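Single-structure report; data block below.
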Amino acid sequence: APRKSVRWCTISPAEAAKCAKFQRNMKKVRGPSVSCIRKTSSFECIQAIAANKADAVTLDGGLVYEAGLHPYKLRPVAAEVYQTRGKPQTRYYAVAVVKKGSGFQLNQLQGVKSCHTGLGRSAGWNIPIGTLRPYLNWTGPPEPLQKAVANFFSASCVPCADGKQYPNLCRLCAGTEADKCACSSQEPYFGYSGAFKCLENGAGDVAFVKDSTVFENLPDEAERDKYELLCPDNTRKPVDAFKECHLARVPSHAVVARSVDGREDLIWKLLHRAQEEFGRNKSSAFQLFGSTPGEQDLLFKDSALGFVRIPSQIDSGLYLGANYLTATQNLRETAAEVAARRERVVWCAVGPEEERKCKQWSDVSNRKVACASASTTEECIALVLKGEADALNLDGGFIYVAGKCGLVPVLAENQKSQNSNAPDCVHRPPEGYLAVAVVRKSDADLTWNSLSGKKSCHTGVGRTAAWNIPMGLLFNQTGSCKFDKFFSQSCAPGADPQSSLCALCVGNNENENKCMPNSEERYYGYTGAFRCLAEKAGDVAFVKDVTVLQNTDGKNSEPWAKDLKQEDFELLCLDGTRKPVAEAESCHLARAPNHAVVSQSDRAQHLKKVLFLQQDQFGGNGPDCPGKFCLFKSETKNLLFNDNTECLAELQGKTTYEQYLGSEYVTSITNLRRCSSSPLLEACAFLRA
Ligand SMILES: O=C([O-])C(=O)[O-]
Ligand SMILES: O=C([O-])C(=O)[O-]
Ligand SMILES: [Fe+3]
Ligand SMILES: [Fe+3]
């Protein structure tokens with residue numbers, strides 16, 4: 001029944017002390033007990049936490065990165081919230097502060113003395129150095145980055161820098177005997193504030209710090225006017241114009257904990273009580289976000305508004321973002337590797353079969369396209385968000401998720417529509433597809449109004465024609481969020497493997513991977529959803545009209561398909577009526593938006609280019625189509641794109657998910673959410689907050 005204490009990790013005496021002050025006042029307030037361990041650098045704490053010696057530590061974005069790397073695998077539990085000069089924030093701008101009357105611009109730092117927070121930190125190293133890589137004249141990875149920087153900066157103070165090999169790196173650092181250049185507050189030039197004393201005490205010429213460090217030290221606007229900011233456009237701007245004059249916007253410091261058995265909630269309990277009891281002028285007996293003048297930013301960031309709990313799918317990569325991640329991974333890659341990645345396009349393929357086709361696409365494209373893969377669509381989208389993949393075609397349902405996370409639709413699928421299959425396609429307005437409810441002509445008993453307790457087949461949970469269109473209509477007539485109870489048993493890949501929804505599913509061939517939301521599940525997709533209805537494992541199938549047409553009347557030859565005939569099938573009309581498959585225009589549940597390709601608004605243009613070429617080579621009228629590759633085909637498995645796609649068309653203006661999906665559907669998707677939400681949809685609300 002009782003639950004233990006959080007062992008907080010400290011890096012230097014002063015910090016140990018404050019930590020003790022913290023433990024003290026905490027028990028005095030009969031709140032969660034703390035313990036204070038002692039190491040000599042955050043790098044040491046990461047190790048200490050990973051080896052189960054400590055439990056938490058506040059870290060800078062840059063170290064969050066290091067922490068989440070393999071051997072350690074830590075994860076950000078809570079993020080500090082900040083000033084903003086406006087609305088509080090979990091992001092800050094890294095900047096380069098300089099004195100007025102020094103003349104040099106950003107592209108002229110060669111030979112200057114520089115003061116840095118510490119080796120490894122966002123705005124004290126990762127951001128400025130990455131920005132200055134182009135002037136470093138440095139090989140790449142085999143050659144130590146430090147050997148590069150040390151040669152550029154005439155002398156600097158970069159705490160934790162191997163001053164033994166690179167003495168120019170520690171040169172300007174003040175600090176007694178072995179105190180000099182320490183990776184803690186021992187070294188007086190450590191952190192946003194030391195980087196500023198090192199600047200202000202005229203020891204260096206430029207300081208790479210946070211957007212507020214100046215104001216944190218110069219309360220009087222007169223003091224400030226003696227300083228300026230190096231803008232990335234080789235101009236200088238006043239210290240208060242950081243929104244415009246910044247090297248970059250990094251994510252806030254965070255409290256990291258182990259990934260397995262890290263006691264996240266003990267940690268959050270602690271912090272929650274601490275803010276409430278000692279945060280913003282709660283107390284006077286102890287102040288959490290305040291430190292001494294000899295040393296600042298002790299334990300946490302002085303004057304942080306508090307913390308926000310970080311959701312649980314969120315790992316360092318998702319936390320940092322593509323942008324930050326890339327630049328950080330960039331300082332550890334050669335110019336060629338970097339350059340390579342920026343020009344290829346990395347598709348995310350979902351599950352085993354999509355990846356094989358992806359591999360073919362790769363070789364046949366002479367690697368203009370490379371591949372990445374994940375078992376589930378959300379996993380692909382996360383890859384798209386960490387920046388490991390660049391795009392993936394998605395169904396209305398998930399276009400919505402992608403959008404909620406800030407990805408935009410690039411181009412949309414255009415099935416072999418019907419008017420003039422001349423060049424129209426790429427400019428043909430996407431016309432969507434009719435979602436329908438299909439039942440066999442046999443069970444003539446069955447109708448819309450008698451679906452209750454019958455068995456059902458679904459393409460997948462989260463998808464338009466299956467999930468989103470019927471479920472949204474039923475939840476209407478039934479007023480209940482009990483989705484797994486409406487239909488007797490069902491198959492809807494992606495559902496709880498232990499719920500009724502996963503009951504009718506079958507897994508792959510030797511029946512493993514039952515219910516998985518990918519091709520492994522034989523009943524996944526519009527095809528699988530139909531097979532289900534057809535192998536008599538289900539009574540009603542929710543797919544788009546065409547699905548019937550493309551698998552009956554010999555068209556599909558797979559054992560199950562072969563003998564089907566469009567005649568054996570009918571459509572359940574909303575008004576209880578029944579019409580044959582072909583009648584669909586007068587008996588559909590709804591008209592959904594074509595699947596569409598999505599990417600970060602960043603890559604969209606490049607992405608569009610490559611896609612327009614690739615599809616011109618192996619597309620619907622691709623010259624090397626049957627020849628060496630057909631992008632839009634896969635033997636009815638609908639791999640990567642639907643097998644009836646003529647081309648990937650323009651969005652006709654609909655450039656945001658809300659515009660693309662349209663008012664109604666976006667709405668209709670939110671109402672349902674009243675019933676359910678997802679860890680991704682949840683992780684993104686935070687990340688895009
Ligand atoms: O933490 C740091 O050093 C930074 O943000 O620059
Ligand atoms: O993609 C789906 O599942 C659909 O359109 O029904
Ligand atoms: Fe920082
Ligand atoms: Fe769809």
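Going through the structure tokens in order, the chains are called A, B, and so on, while each chain numbers its residues from 1 and the ligands are numbered from 1 in the order shown.
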Around ligand 2, at most 10 Å away and counting only C-alpha atoms and all ligand atoms, which residues are there? Put them as number ranges by chain, please.
A: 394-398, 432-436, 458-470, 492, 524-527, 529, 541-545, 547, 591-595, 642
Save the residues we just selected, N, CA and C atoms, as a tab-separated table (two decimals), in the first residue's frame?
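What follows is the written file result07.tsv:
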```
chain	number	residue	atom	x	y	z
A	394	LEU	N	-3.03	8.33	-46.90
A	394	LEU	CA	-3.90	7.99	-45.79
A	394	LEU	C	-5.35	8.14	-46.16
A	395	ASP	N	-6.19	7.43	-45.40
A	395	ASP	CA	-7.63	7.43	-45.57
A	395	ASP	C	-8.24	8.63	-44.83
A	396	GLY	N	-9.39	9.15	-45.29
A	396	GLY	CA	-10.00	10.29	-44.62
A	396	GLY	C	-9.80	10.29	-43.12
A	397	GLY	N	-10.16	9.16	-42.51
A	397	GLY	CA	-10.06	8.96	-41.09
A	397	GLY	C	-8.76	9.38	-40.52
A	398	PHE	N	-7.67	8.89	-41.10
A	398	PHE	CA	-6.35	9.25	-40.59
A	398	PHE	C	-5.78	10.54	-41.14
A	432	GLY	N	-14.26	12.02	-54.59
A	432	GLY	CA	-14.58	11.14	-53.48
A	432	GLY	C	-15.13	9.77	-53.88
A	433	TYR	N	-15.54	9.03	-52.85
A	433	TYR	CA	-16.17	7.72	-53.07
A	433	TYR	C	-17.30	7.48	-52.09
A	434	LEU	N	-18.23	6.69	-52.59
A	434	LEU	CA	-19.45	6.35	-51.88
A	434	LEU	C	-19.24	5.24	-50.90
A	435	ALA	N	-19.39	5.54	-49.62
A	435	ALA	CA	-19.26	4.51	-48.60
A	435	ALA	C	-20.60	3.74	-48.59
A	436	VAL	N	-20.58	2.42	-48.44
A	436	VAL	CA	-21.82	1.63	-48.42
A	436	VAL	C	-21.84	0.47	-47.42
A	458	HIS	N	-15.44	-4.79	-40.81
A	458	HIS	CA	-15.00	-3.41	-40.97
A	458	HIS	C	-13.60	-3.39	-41.50
A	459	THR	N	-13.37	-2.46	-42.34
A	459	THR	CA	-12.04	-2.27	-42.84
A	459	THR	C	-11.12	-2.04	-41.66
A	460	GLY	N	-11.41	-1.10	-40.83
A	460	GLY	CA	-10.50	-0.91	-39.74
A	460	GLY	C	-11.02	0.13	-38.81
A	461	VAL	N	-10.51	0.23	-37.59
A	461	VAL	CA	-11.04	1.27	-36.75
A	461	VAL	C	-10.29	2.56	-37.03
A	462	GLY	N	-11.01	3.65	-37.25
A	462	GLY	CA	-10.35	4.90	-37.53
A	462	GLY	C	-10.57	5.33	-38.97
A	463	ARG	N	-11.06	4.39	-39.78
A	463	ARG	CA	-11.28	4.61	-41.19
A	463	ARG	C	-12.68	4.96	-41.64
A	464	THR	N	-12.75	5.86	-42.62
A	464	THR	CA	-13.98	6.38	-43.14
A	464	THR	C	-15.11	5.47	-43.48
A	465	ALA	N	-15.03	4.77	-44.62
A	465	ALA	CA	-16.11	3.88	-45.04
A	465	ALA	C	-16.51	2.86	-43.99
A	466	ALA	N	-15.56	2.26	-43.26
A	466	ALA	CA	-15.95	1.33	-42.18
A	466	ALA	C	-16.20	2.20	-40.95
A	467	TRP	N	-15.40	2.09	-39.91
A	467	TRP	CA	-15.66	2.90	-38.74
A	467	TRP	C	-16.44	4.21	-38.80
A	468	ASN	N	-15.74	5.30	-39.13
A	468	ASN	CA	-16.32	6.62	-39.11
A	468	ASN	C	-17.67	6.92	-39.71
A	469	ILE	N	-18.07	6.28	-40.81
A	469	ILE	CA	-19.38	6.57	-41.41
A	469	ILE	C	-20.57	5.81	-40.73
A	470	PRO	N	-20.46	4.47	-40.54
A	470	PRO	CA	-21.56	3.76	-39.90
A	470	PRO	C	-21.58	4.07	-38.41
A	492	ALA	N	-12.68	-5.69	-36.91
A	492	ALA	CA	-12.41	-4.29	-37.17
A	492	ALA	C	-10.97	-4.24	-36.74
A	524	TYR	N	-8.39	-7.32	-43.09
A	524	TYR	CA	-8.17	-5.89	-42.99
A	524	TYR	C	-8.44	-5.28	-44.37
A	525	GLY	N	-8.76	-4.00	-44.40
A	525	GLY	CA	-8.99	-3.29	-45.64
A	525	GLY	C	-10.34	-3.44	-46.29
A	526	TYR	N	-10.54	-2.74	-47.41
A	526	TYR	CA	-11.80	-2.84	-48.12
A	526	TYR	C	-11.93	-4.22	-48.68
A	527	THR	N	-10.81	-4.80	-49.06
A	527	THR	CA	-10.81	-6.14	-49.62
A	527	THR	C	-11.12	-7.11	-48.48
A	529	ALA	N	-12.37	-6.67	-45.66
A	529	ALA	CA	-13.70	-6.42	-45.12
A	529	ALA	C	-14.71	-7.12	-45.98
A	541	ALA	N	-20.96	-5.76	-44.22
A	541	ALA	CA	-19.63	-5.22	-44.49
A	541	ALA	C	-19.76	-3.78	-44.88
A	542	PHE	N	-18.89	-2.96	-44.33
A	542	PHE	CA	-18.89	-1.54	-44.60
A	542	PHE	C	-17.67	-1.27	-45.44
A	543	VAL	N	-17.90	-0.97	-46.71
A	543	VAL	CA	-16.83	-0.69	-47.66
A	543	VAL	C	-17.40	0.34	-48.60
A	544	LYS	N	-16.67	0.62	-49.67
A	544	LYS	CA	-17.15	1.55	-50.68
A	544	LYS	C	-17.74	0.70	-51.81
A	545	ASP	N	-18.79	1.16	-52.47
A	545	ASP	CA	-19.45	0.38	-53.55
A	545	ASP	C	-18.54	-0.47	-54.42
A	547	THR	N	-15.69	-1.80	-54.13
A	547	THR	CA	-15.06	-2.98	-53.57
A	547	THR	C	-15.82	-4.22	-54.01
A	591	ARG	N	-20.69	9.99	-48.81
A	591	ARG	CA	-19.69	10.27	-49.83
A	591	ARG	C	-18.46	10.79	-49.12
A	592	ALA	N	-17.45	9.95	-49.00
A	592	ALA	CA	-16.20	10.29	-48.32
A	592	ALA	C	-15.14	10.95	-49.20
A	593	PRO	N	-14.06	11.47	-48.60
A	593	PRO	CA	-12.96	12.12	-49.30
A	593	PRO	C	-11.95	11.06	-49.66
A	594	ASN	N	-11.42	11.14	-50.89
A	594	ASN	CA	-10.43	10.20	-51.43
A	594	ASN	C	-9.26	10.15	-50.50
A	595	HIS	N	-8.52	9.05	-50.50
A	595	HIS	CA	-7.38	9.01	-49.61
A	595	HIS	C	-6.49	10.06	-50.18
A	642	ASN	N	-4.46	2.68	-53.56
A	642	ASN	CA	-5.53	1.82	-54.00
A	642	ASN	C	-5.24	1.33	-55.41
```
Excluding range 224-241 of chain A and residues on its chain fewer than 5 positions from it, collect all residues at most 10 Å away from it, counting only C-alpha atoms, and give them as a VMD selection string.
chain A and resid 85 95 to 108 131 200 206 to 208 211 to 215 217 to 219 246 to 248
Write a file of the just-selected residues containing N, CA and C atoms, as a short mmCIF file (atom, residue, chain, number, x, y, z; two decimals), in the first residue's frame.
```cif
data_model
loop_
_atom_site.label_atom_id
_atom_site.label_comp_id
_atom_site.auth_asym_id
_atom_site.auth_seq_id
_atom_site.Cartn_x
_atom_site.Cartn_y
_atom_site.Cartn_z
N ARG A 85 7.05 36.44 -22.38
CA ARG A 85 6.83 37.88 -22.50
C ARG A 85 5.34 38.05 -22.87
N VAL A 95 19.37 32.21 -28.72
CA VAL A 95 19.89 33.42 -29.33
C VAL A 95 21.36 33.63 -29.08
N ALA A 96 21.95 34.59 -29.80
CA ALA A 96 23.38 34.94 -29.65
C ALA A 96 23.43 36.41 -29.27
N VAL A 97 23.83 36.66 -28.03
CA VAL A 97 23.89 38.01 -27.51
C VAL A 97 25.28 38.58 -27.68
N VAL A 98 25.34 39.84 -28.06
CA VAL A 98 26.62 40.51 -28.24
C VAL A 98 26.52 41.93 -27.74
N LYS A 99 27.68 42.48 -27.39
CA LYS A 99 27.79 43.86 -26.92
C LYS A 99 27.66 44.86 -28.07
N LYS A 100 27.16 46.06 -27.80
CA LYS A 100 27.06 47.06 -28.87
C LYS A 100 28.43 47.66 -29.12
N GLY A 101 28.78 47.80 -30.40
CA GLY A 101 30.08 48.35 -30.75
C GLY A 101 31.16 47.30 -30.93
N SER A 102 30.80 46.18 -31.55
CA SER A 102 31.77 45.11 -31.83
C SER A 102 31.76 44.79 -33.34
N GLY A 103 30.78 45.36 -34.04
CA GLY A 103 30.68 45.22 -35.48
C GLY A 103 30.39 43.93 -36.22
N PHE A 104 31.07 42.84 -35.89
CA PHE A 104 30.85 41.58 -36.59
C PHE A 104 29.41 41.06 -36.63
N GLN A 105 29.05 40.41 -37.75
CA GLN A 105 27.72 39.83 -37.94
C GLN A 105 27.81 38.33 -37.70
N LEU A 106 26.73 37.60 -37.95
CA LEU A 106 26.74 36.15 -37.69
C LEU A 106 27.73 35.39 -38.53
N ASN A 107 27.86 35.79 -39.78
CA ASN A 107 28.78 35.13 -40.69
C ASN A 107 30.22 35.60 -40.50
N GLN A 108 30.52 36.20 -39.35
CA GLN A 108 31.87 36.69 -39.14
C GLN A 108 32.40 36.34 -37.78
N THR A 131 24.34 26.00 -36.81
CA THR A 131 24.13 27.17 -37.67
C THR A 131 25.44 27.57 -38.31
N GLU A 200 29.56 39.54 -20.28
CA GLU A 200 29.56 40.82 -19.58
C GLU A 200 30.87 41.21 -18.88
N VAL A 206 30.83 37.02 -27.78
CA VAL A 206 29.47 36.59 -28.10
C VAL A 206 29.05 35.52 -27.13
N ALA A 207 27.76 35.53 -26.82
CA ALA A 207 27.18 34.57 -25.88
C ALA A 207 25.98 33.88 -26.48
N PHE A 208 26.00 32.56 -26.44
CA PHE A 208 24.89 31.81 -26.98
C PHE A 208 24.04 31.38 -25.79
N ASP A 211 16.48 33.36 -24.89
CA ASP A 211 15.90 34.67 -25.21
C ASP A 211 15.65 35.60 -24.03
N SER A 212 15.66 35.07 -22.81
CA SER A 212 15.40 35.87 -21.62
C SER A 212 16.60 36.17 -20.72
N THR A 213 17.67 35.39 -20.86
CA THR A 213 18.87 35.57 -20.07
C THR A 213 19.31 37.01 -19.89
N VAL A 214 19.19 37.81 -20.93
CA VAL A 214 19.58 39.22 -20.83
C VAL A 214 18.73 39.89 -19.78
N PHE A 215 17.41 39.84 -19.97
CA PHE A 215 16.46 40.43 -19.04
C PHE A 215 16.54 39.82 -17.62
N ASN A 217 19.13 39.13 -16.20
CA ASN A 217 20.25 39.79 -15.53
C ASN A 217 20.22 41.32 -15.58
N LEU A 218 19.57 41.90 -16.58
CA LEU A 218 19.51 43.36 -16.72
C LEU A 218 18.09 43.88 -16.61
N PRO A 219 17.59 44.01 -15.38
CA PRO A 219 16.26 44.50 -15.02
C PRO A 219 16.01 45.92 -15.52
N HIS A 246 16.26 35.38 -33.95
CA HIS A 246 16.69 34.20 -33.21
C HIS A 246 17.41 33.13 -34.02
N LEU A 247 18.29 32.40 -33.38
CA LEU A 247 18.97 31.35 -34.10
C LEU A 247 17.98 30.24 -34.31
N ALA A 248 17.09 30.00 -33.34
CA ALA A 248 16.09 28.93 -33.43
C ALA A 248 15.17 28.84 -32.23
#
```
When you look at residue 253 in chain A with a cut-off of 10 Å (counting only C-alpha atoms), what residues show up, excluding the ones that are within fewer than 4 positions of it in the same chain? I need them as a PyMOL selection string.
chain A and resi 58-64+76+78-82+90-92+122+300-301+307
Output of the above residues as a PDB file, in the first residue's frame, restricted to N, CA, C and O atoms:
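Resulting contents of selection24.pdb:
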```
ATOM      1  N   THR A  58      16.347  17.326 -14.249  1.00  0.00           N
ATOM      2  CA  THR A  58      15.801  18.224 -15.240  1.00  0.00           C
ATOM      3  C   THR A  58      16.936  18.238 -16.250  1.00  0.00           C
ATOM      4  O   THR A  58      18.100  18.151 -15.860  1.00  0.00           O
ATOM      5  N   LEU A  59      16.601  18.260 -17.533  1.00  0.00           N
ATOM      6  CA  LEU A  59      17.584  18.257 -18.603  1.00  0.00           C
ATOM      7  C   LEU A  59      17.223  19.232 -19.711  1.00  0.00           C
ATOM      8  O   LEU A  59      16.054  19.543 -19.912  1.00  0.00           O
ATOM      9  N   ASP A  60      18.240  19.719 -20.418  1.00  0.00           N
ATOM     10  CA  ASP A  60      18.017  20.613 -21.562  1.00  0.00           C
ATOM     11  C   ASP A  60      17.729  19.759 -22.811  1.00  0.00           C
ATOM     12  O   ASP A  60      18.301  18.667 -22.953  1.00  0.00           O
ATOM     13  N   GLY A  61      16.909  20.282 -23.728  1.00  0.00           N
ATOM     14  CA  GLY A  61      16.579  19.563 -24.949  1.00  0.00           C
ATOM     15  C   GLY A  61      17.734  18.701 -25.440  1.00  0.00           C
ATOM     16  O   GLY A  61      17.621  17.496 -25.534  1.00  0.00           O
ATOM     17  N   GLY A  62      18.884  19.322 -25.656  1.00  0.00           N
ATOM     18  CA  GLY A  62      20.051  18.596 -26.109  1.00  0.00           C
ATOM     19  C   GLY A  62      20.397  17.383 -25.280  1.00  0.00           C
ATOM     20  O   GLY A  62      20.831  16.360 -25.820  1.00  0.00           O
ATOM     21  N   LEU A  63      20.252  17.473 -23.969  1.00  0.00           N
ATOM     22  CA  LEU A  63      20.587  16.312 -23.171  1.00  0.00           C
ATOM     23  C   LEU A  63      19.410  15.340 -23.162  1.00  0.00           C
ATOM     24  O   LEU A  63      19.597  14.142 -22.982  1.00  0.00           O
ATOM     25  N   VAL A  64      18.199  15.827 -23.413  1.00  0.00           N
ATOM     26  CA  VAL A  64      17.041  14.931 -23.451  1.00  0.00           C
ATOM     27  C   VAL A  64      17.385  13.928 -24.529  1.00  0.00           C
ATOM     28  O   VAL A  64      17.335  12.725 -24.311  1.00  0.00           O
ATOM     29  N   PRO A  76      11.147  11.912 -21.399  1.00  0.00           N
ATOM     30  CA  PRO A  76      10.695  13.130 -20.725  1.00  0.00           C
ATOM     31  C   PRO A  76       9.364  12.960 -20.080  1.00  0.00           C
ATOM     32  O   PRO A  76       8.389  12.686 -20.763  1.00  0.00           O
ATOM     33  N   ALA A  78       8.010  15.416 -17.625  1.00  0.00           N
ATOM     34  CA  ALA A  78       7.317  16.705 -17.472  1.00  0.00           C
ATOM     35  C   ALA A  78       8.158  17.823 -18.018  1.00  0.00           C
ATOM     36  O   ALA A  78       9.361  17.857 -17.777  1.00  0.00           O
ATOM     37  N   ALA A  79       7.504  18.787 -18.655  1.00  0.00           N
ATOM     38  CA  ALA A  79       8.181  19.933 -19.273  1.00  0.00           C
ATOM     39  C   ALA A  79       8.006  21.226 -18.479  1.00  0.00           C
ATOM     40  O   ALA A  79       6.899  21.520 -18.073  1.00  0.00           O
ATOM     41  N   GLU A  80       9.062  22.010 -18.269  1.00  0.00           N
ATOM     42  CA  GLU A  80       8.911  23.275 -17.544  1.00  0.00           C
ATOM     43  C   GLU A  80       8.123  24.212 -18.457  1.00  0.00           C
ATOM     44  O   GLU A  80       8.206  24.071 -19.671  1.00  0.00           O
ATOM     45  N   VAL A  81       7.318  25.109 -17.890  1.00  0.00           N
ATOM     46  CA  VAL A  81       6.573  26.095 -18.685  1.00  0.00           C
ATOM     47  C   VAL A  81       7.313  27.442 -18.506  1.00  0.00           C
ATOM     48  O   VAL A  81       7.858  27.689 -17.416  1.00  0.00           O
ATOM     49  N   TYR A  82       7.305  28.334 -19.512  1.00  0.00           N
ATOM     50  CA  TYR A  82       8.059  29.598 -19.398  1.00  0.00           C
ATOM     51  C   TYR A  82       7.370  30.942 -19.664  1.00  0.00           C
ATOM     52  O   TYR A  82       6.253  31.002 -20.155  1.00  0.00           O
ATOM     53  N   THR A  90       6.040  26.238 -23.593  1.00  0.00           N
ATOM     54  CA  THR A  90       6.924  25.097 -23.387  1.00  0.00           C
ATOM     55  C   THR A  90       7.981  25.070 -24.503  1.00  0.00           C
ATOM     56  O   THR A  90       8.482  23.991 -24.874  1.00  0.00           O
ATOM     57  N   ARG A  91       8.274  26.256 -25.054  1.00  0.00           N
ATOM     58  CA  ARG A  91       9.253  26.445 -26.107  1.00  0.00           C
ATOM     59  C   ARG A  91       9.974  27.755 -25.844  1.00  0.00           C
ATOM     60  O   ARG A  91       9.414  28.684 -25.246  1.00  0.00           O
ATOM     61  N   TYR A  92      11.202  27.821 -26.278  1.00  0.00           N
ATOM     62  CA  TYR A  92      11.970  29.053 -26.158  1.00  0.00           C
ATOM     63  C   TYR A  92      12.904  29.179 -27.337  1.00  0.00           C
ATOM     64  O   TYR A  92      13.208  28.191 -28.021  1.00  0.00           O
ATOM     65  N   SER A 122      21.122  22.859 -26.131  1.00  0.00           N
ATOM     66  CA  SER A 122      20.379  23.462 -27.324  1.00  0.00           C
ATOM     67  C   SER A 122      20.993  24.769 -27.851  1.00  0.00           C
ATOM     68  O   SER A 122      21.696  24.779 -28.877  1.00  0.00           O
ATOM     69  N   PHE A 300      16.047  23.421 -11.233  1.00  0.00           N
ATOM     70  CA  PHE A 300      15.116  23.750 -12.313  1.00  0.00           C
ATOM     71  C   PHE A 300      15.435  25.145 -12.863  1.00  0.00           C
ATOM     72  O   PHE A 300      16.371  25.815 -12.421  1.00  0.00           O
ATOM     73  N   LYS A 301      14.657  25.586 -13.830  1.00  0.00           N
ATOM     74  CA  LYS A 301      14.881  26.889 -14.419  1.00  0.00           C
ATOM     75  C   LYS A 301      14.214  27.987 -13.624  1.00  0.00           C
ATOM     76  O   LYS A 301      12.965  28.096 -13.607  1.00  0.00           O
ATOM     77  N   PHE A 307       5.171  23.260 -14.599  1.00  0.00           N
ATOM     78  CA  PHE A 307       5.358  22.081 -15.430  1.00  0.00           C
ATOM     79  C   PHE A 307       4.042  21.637 -16.016  1.00  0.00           C
ATOM     80  O   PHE A 307       2.984  22.053 -15.579  1.00  0.00           O
TER      81      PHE A 307
END
```
Hey, which bits of chain A sit within 7 Å of ligand 1, and for each residue what's the closest pair of atoms and how far apart in Å (one decimal), counting only C-alpha atoms and all ligand atoms, rows by chain and increasing number, as a tab-separated table?
```
residue	atom	partner	partner_atom_place_in_ligand_line	distance
A:60	CA	ligand 1	1 (O)	4.8
A:61	CA	ligand 1	1 (O)	6.9
A:94	CA	ligand 1	6 (O)	5.9
A:117	CA	ligand 1	3 (O)	4.6
A:118	CA	ligand 1	3 (O)	5.7
A:121	CA	ligand 1	3 (O)	3.9
A:122	CA	ligand 1	4 (C)	4.3
A:123	CA	ligand 1	6 (O)	2.7
A:124	CA	ligand 1	6 (O)	3.8
A:125	CA	ligand 1	6 (O)	6.6
A:191	CA	ligand 1	3 (O)	6.0
A:192	CA	ligand 1	3 (O)	6.3
A:208	CA	ligand 1	6 (O)	6.5
A:209	CA	ligand 1	6 (O)	5.0
A:210	CA	ligand 1	5 (O)	5.7
```
Keeping N, CA, C and O atoms for every residue in the selection just given, could you write it to a file as a compact mmCIF listing (two decimals), in the first residue's frame?
```
# COMPACT_ATOMS: atom_id res chain seq x y z
N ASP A 60 18.24 19.72 -20.42
CA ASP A 60 18.02 20.61 -21.56
C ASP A 60 17.73 19.76 -22.81
O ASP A 60 18.30 18.67 -22.95
N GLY A 61 16.91 20.28 -23.73
CA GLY A 61 16.58 19.56 -24.95
C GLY A 61 17.73 18.70 -25.44
O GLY A 61 17.62 17.50 -25.53
N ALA A 94 16.51 30.13 -28.90
CA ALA A 94 17.93 30.21 -28.61
C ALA A 94 18.44 31.48 -29.33
O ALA A 94 17.93 31.83 -30.42
N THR A 117 26.98 27.99 -22.78
CA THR A 117 26.33 27.39 -21.64
C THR A 117 27.08 26.12 -21.27
O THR A 117 27.70 26.00 -20.21
N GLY A 118 27.06 25.15 -22.15
CA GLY A 118 27.76 23.90 -21.85
C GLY A 118 27.80 22.98 -23.06
O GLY A 118 26.95 23.05 -23.95
N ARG A 121 24.37 21.46 -25.03
CA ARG A 121 23.08 22.12 -24.85
C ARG A 121 22.45 22.84 -26.09
O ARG A 121 23.14 23.30 -26.99
N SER A 122 21.12 22.86 -26.13
CA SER A 122 20.38 23.46 -27.32
C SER A 122 20.99 24.77 -27.85
O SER A 122 21.70 24.78 -28.88
N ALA A 123 20.70 25.84 -27.16
CA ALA A 123 21.14 27.19 -27.54
C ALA A 123 22.62 27.48 -27.16
O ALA A 123 23.21 28.48 -27.57
N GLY A 124 23.28 26.64 -26.37
CA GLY A 124 24.70 26.90 -25.98
C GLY A 124 25.64 26.15 -26.90
O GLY A 124 26.83 26.42 -26.90
N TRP A 125 25.12 25.23 -27.68
CA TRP A 125 25.98 24.45 -28.57
C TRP A 125 25.26 23.90 -29.83
O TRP A 125 25.51 24.39 -30.93
N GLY A 191 26.03 27.62 -17.93
CA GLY A 191 24.62 27.89 -18.03
C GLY A 191 24.34 29.23 -18.63
O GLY A 191 25.24 30.03 -18.84
N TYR A 192 23.06 29.47 -18.89
CA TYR A 192 22.58 30.71 -19.48
C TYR A 192 23.21 31.89 -18.80
O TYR A 192 23.63 32.82 -19.45
N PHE A 208 26.00 32.56 -26.44
CA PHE A 208 24.89 31.81 -26.98
C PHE A 208 24.04 31.38 -25.79
O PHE A 208 24.43 30.49 -25.01
N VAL A 209 22.89 32.05 -25.64
CA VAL A 209 21.99 31.78 -24.51
C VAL A 209 20.50 31.77 -24.88
O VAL A 209 20.16 31.71 -26.06
N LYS A 210 19.63 31.83 -23.87
CA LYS A 210 18.16 31.81 -24.04
C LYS A 210 17.70 33.23 -24.38
O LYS A 210 18.40 34.20 -24.10
```
When distances are computed from only C-alpha atoms and all ligand atoms, which of A:151, A:193, A:40, A:566 shows the smallest separation from ligand 3?
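Smallest distance to ligand 3 is found for A:193.
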Residues within 6 Å of residue 599 in chain A, please, as a VMD selection string. Count only C-alpha atoms; anything in the same chain fewer than 4 positions from it doesn't count.
chain A and resid 390 to 391 407 to 408 604
Please list as a list in words every residue within 9 Å of residue 57 in chain A, counting only C-alpha atoms and excluding residues in the same chain fewer than 4 positions away.
residues 8, 9, 10, 42, 45, 46, 49, 254, 255, 256, 257, 299 and 300 of chain A
Range 433-642 of chain A: residues DSSP assigns to strand (DSSP E or B), reported as a ChimeraX atom specification
/A:433-440,456-458,490-491,540-544,569-572,578-580,590-592,596-600
Residue set, range 301-534 of chain A restricted to alpha helix (DSSP H), as a PyMOL selection string
chain A and resi 316-320+322-330+335-343+352-364+377-386+396-404+470-478+525-534
